[PDB]
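In: No sequence on hand, only this structure:
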Ligand SMILES: [K+]
Ligand SMILES: [K+]
Ligand SMILES: [K+]
Ligand SMILES: [K+]
Ligand SMILES: [K+]
Ligand SMILES: [Mg+2]
Ligand SMILES: [Mg+2]
Ligand SMILES: [Mg+2]
Ligand SMILES: [Mg+2]
Ligand SMILES: [Mg+2]
Ligand SMILES: [Mg+2]
Ligand SMILES: [Mg+2]
């Protein structure tokens, strides 16, 4: 997720507001702003494409086995969406490191709500309100 | 997959500046492709001036180790002391004995197996004779 | 061998790089940039065509019997050519006080490699890499 | 090789000019002015009688396994020839610790060029210009 | 909020500069995977450092096996004609 | 150019004198190959030194198996009639 | 043989005629009184090719400027080949018994590492400083 | 073989034609006089696939800037394959007996870690610093 | 196999079709020349289910940030499965004897711990740092 | 023999007539009461050629200025040849048994190294300082 200013590209600050951040171990290499889920004891990996795999967003780039700062629910975040989104849309991890809408996904409940709409491939602002795990 | 790289230069003063005519890598044999421009050598002779010291992108200034230098370079076959070698066409060297050419450009001072790094003294250059 | 700048003609400096400069006696009158070979004990004369006769290039004009300085192999030099030459052409003495390509000559091996191309009668830049003597 | 001065025999200084000296290990006992070739990893031994065996001339007498200084190519050397030689002759290791001409040898190209002629068994002055190895 | 590892903050970290300076000085080639940890490549953004072995002093220092003439340890970029 | 080992320079080297002097004092025969290194014979030109064991002090020293008179260790070239 | 086993590397062996290979195979077969006659040509060839490759890679280079292959490289490669035709035959036999007739050999107790495990590898070890580590370097 | 066993990773092996795999299998079968002819193709293929995987994961990377696999990568993978096939057959025979006679082999109760447990494993071990731990790093 | 043995946990294995389980069972059966044909399917399924569970619980996590399962997770789970099947069969045969014919193997014990007790276990043990304890932490 | 085995190097051996080689072969065959009569000429020739090569390369030069081959060079090369021939026949027979009776020989706990491994080798070993390392040098 990046912003252009003249010649320059700047990384966006991922976390807009919130105090709900916690440390985990990377189960694989991760990039800043990716949605992640529990994949072992205190170990987080990149979320797959539908429901049941979301704990928060990764705040900085990591190699496998590194300590991860994660922003959970109760946080407002700048996140890239893979499709066009609008205010009030519930969004969900896309499986591609992006988010997408609940409406587009196979699922029926989101993890964050869009506060500021965006086009496909572009940074929205969203509030993370929930987590999802293995329900069967 | 990836081998640990090496200092190509052992000893010798005969380093000269050229422009890279393409992306080139440390220890790669090169020849003149334009006015002071160097490119990776073809097989079977007529295309050698020296070896590139360090990795460069196309159009960048490049340091070339010429004859009179001692260098360590990758060989595509086993080589032994007193073997003559020349560019292989594949970023490596091979022996004169293996190649279609009759004369080399460097003499092996320390032997190596295929895909290993030998130590060699560069002593000649080759261009277009037609 | 000369360079023009406005109305003026300047002599070219024969030597671009190298420390392999050696001293001989001139066996005849010689001119800067002329190829020479051993005509007698430490004596050098202008090279004839088709190989077997090259020790280096004369660095400055001399009369017969004067001590002459010579650039040998390992030198980069500026020299006149009898024909169009291009980068990576091997060249050798033409018998005319100039170089020509190995391709044009009856020889099969050169003594200098062209680093900068030039037209007939112009000055190329070349690296001297070999000497040729009598092999029978 | 020797100057005579009255009662006295003086060894000749082998290296006339040249800056490219290099150190090797002796593969056998060697004597000053002998041509040598690579025989193991950084190990030099006396050159045999035709082409394909020359790296330089040994500068001082050594036992087997001692460190050797070579004059390589780009050096001018005082060397004994086994036959009468003239200026411009290309010469080659003879197999006998001497040099001989290319013309006399079975080979077709030399390693040094005579600058100052000599009789059989006498010291010439020559410029070393090439190495030779195993071409098959 | 920003952390020292967060992508917009890396240019302010003294350690990011110092470790990129190290990486340039210790490399022999642009092939990072061979020479550095995945952790180092990510943490110091080594893909974007101009690593190629041209800044490593050992690229230029002579290290021959036999040293009769005190040639070893000389650095070519310190000579008269450099 | 002349190195320390070069044949025309050996007579200038203090070690060439010191070591040839040692060799004469140590020797027990003119047969150098019996006693000295190939290195020593070459480096110190020991063929050209007049080595024969006549300069070795132990050539002249008594060393009888039983000595009731303290004669052992005396050097015959230090006697009155030498 | 016309080209000797020390003249040829892995890629040379692959380039030889069948006859030049068979000459080298015949030389290796001299190292056993049985000639390993029940092993097929491919297995003798694979052993020799492997011995050449293994010489060039594991038993090359210097220690304190000494060559690591101190002995005759021809016989080293032949013994290393024989070491590998044994082992393809199963191990070195300690005892053999047939129609009443029986023999037991002093081949046991040789050691735990590869070349120690047959008489041919025990011979090959002497050519290569007995696998000792006499390498040394200075700083400058 | 056309692609050589050192040129293929686990993903590449799965992508080979049957003939390219059979050429590699045939090369591995040269490392035993018996050719393991009574063991089926699926088992020999499984051993090779596993040897490739194990090379790329356990015997890859560098220690003190030296490659872990110091020997010829071809023969290392072949010996690692032969090692696995001999374990799928039950281990080394220390002794064999029947109507045709008896033979005892000088295996000599060698070692405890897997590669030490067969002749092919003992050979493979020499290609890989004998599983020694010579790695070294600085700080800066 | 369609899902590989390293892609399924204990609960996933239970959720597979019989065919997906049989493909994995068939892969495990390649690790023995006998295929353990006289051991029934339920016992092979139990061994695999156990090997999956034991991988995920005893051979997971990190030590000094390095993963404990350092080798290929597929072959580690297959060798761990083969180890279990061989123990359900009673252990390694050190010797087998029948109608005159006899064989004795070098399958003498490398040590007294679980994985040391069969050839498959001795292989699985290399994939997991040989059960060594290289873990490290700081305080902050 | 007219040219003695100590007077020929490896290249000289190849240059000898068949009779000159057969004289040296005949001398070597005197070192066993059986003469190794069932081993062919080529194998005895290979053993002698190898012993000459190994003498000139592994058991040559000086050691504290003493010759490394301290004993008679003739008998050393013969014992080194006999050692090789005995190894080509499988090594020392520790015990032999058959219809004509049985015998066991006092070979005992012979050491790990090749020359220790046969009686001829142990004889040869006394000619070469028992492989001891008594070399010394000094700086001048
Ligand atoms: K979808
Ligand atoms: K070769
Ligand atoms: K070719
Ligand atoms: K013409
Ligand atoms: K001749
Ligand atoms: Mg808040
Ligand atoms: Mg220059
Ligand atoms: Mg030069
Ligand atoms: Mg000069
Ligand atoms: Mg190595
Ligand atoms: Mg690992
Ligand atoms: Mg004695």
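Out: Structure received. Numbering: from 1, shown residues only, chains lettered A, B, ... in the order given. Ligands and ions are numbered 1, 2, ... in the order given.

In: distance of the residue nearest to residue A:49 when sequence neighbours are not counted from chain I?
Out: If the residues on either side of it in the chain are set aside, residue A:49 comes closest to residue A:95, at 2.8 Å by C-beta to C-beta, 6 or more residues apart in numbering or on different chains. The C-beta positions use only the backbone N, C-alpha and C, and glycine is treated the same way. Between residue A:95 and chain I the distance is 17 Å, computed by C-beta to the nearest C-beta, to the nearest Å.

In: what about residue 26, how many neighbours?
Out: Going with chain A. Neighbourhood size, residue A:26 [other C-beta atoms under 10 Å in any protein chain shown]: 24.

In: if you could check chain G rather than the one you did, that'd help
Out: Residue G:26 has 13 neighbouring residues, counting by other C-beta under 10 Å.

In: Chain neighbours aside, what residue packs nearest to residue G:58?
Out: Residue G:58 sits nearest to residue H:71 (C-beta to C-beta, 6+ apart), 5.1 Å away.

In: for residue E:68, same thing?
Out: Closest residue to residue E:68 apart from its sequence neighbours, by C-beta to C-beta, 6+ apart: residue D:23 at 3.5 Å.

In: Is it correct that that neighbour falls within a helix?
Out: No - with DSSP: H, G, I helix; E, B strand; the rest coil as the criterion, residue D:23 is strand rather than part of a helix.

In: Report the contact partners of it.
Out: The contact partners of residue D:23, by C-beta atoms under 8 Å, 6 or more residues apart in numbering or on different chains, come to D:67, D:68, D:69, D:70, E:64, E:66, E:67, E:68, E:69.

In: The first one and ligand 7, how far apart?
Out: If I follow you right, that is residue D:67. 28 Å (C-beta to the ion, to the nearest Å).

In: For that residue, give me phi and psi.
Out: Here the main-chain torsion angles of residue D:67 (degrees, to the nearest 10) amount to phi -70, psi 140.

In: Kindly state the beta-bridge partners for it.
Out: Beta-bridge partners of residue D:67, counted by DSSP bridges, are residue D:25.

In: Show the contacting residues for residue A:84.
Out: Residues A:117, A:118, A:119, A:120 are the ones in contact with residue A:84 under the rule C-beta under 8 Å, 6+ apart.

In: do the top helix by length along chain E and chain H meet?
Out: Secondary structure of chain E read by DSSP state H shows that its longest helix is helix E:14-26. Yes - in this structure, helix E:14-26 sits against chain H according to C-beta under 8 Å from any C-beta of the partner chain; the contacting residues are E:22, E:26.

In: thinking again about what came up before, ok, of the contacts of residue A:84, which come out buried?
Out: residue A:118 (16 or more other C-beta atoms under 10 Å in any protein chain shown).

In: when you check the contacts of residue A:84 against the helices, which ones overlap?
Out: By the criterion of DSSP H, membership of the contacts of residue A:84 in helices covers no residue at all.

In: Just give me the closest of the contacts of residue A:84 to residue D:12.
Out: Nearest to residue D:12 among the contacts of residue A:84, counting by C-beta to C-beta, is residue A:120 at 85.8 Å.

In: So the closest one sits against residue A:96, correct?
Out: No - because the distance of 11.6 Å does not satisfy C-beta atoms under 8 Å, residue A:120 is recorded as not touching residue A:96.

In: joint contacts of the two?
Out: residue A:82.

In: Could you pull up the residues touching whichever residue of chain E sits closest to ligand 8?
Out: Using C-beta to the ion, residue E:81 is the residue of chain E that sits closest to ligand 8, at 14.9 Å. Contacts for residue E:81 were tallied using C-beta under 8 Å, 6+ apart; there are none.
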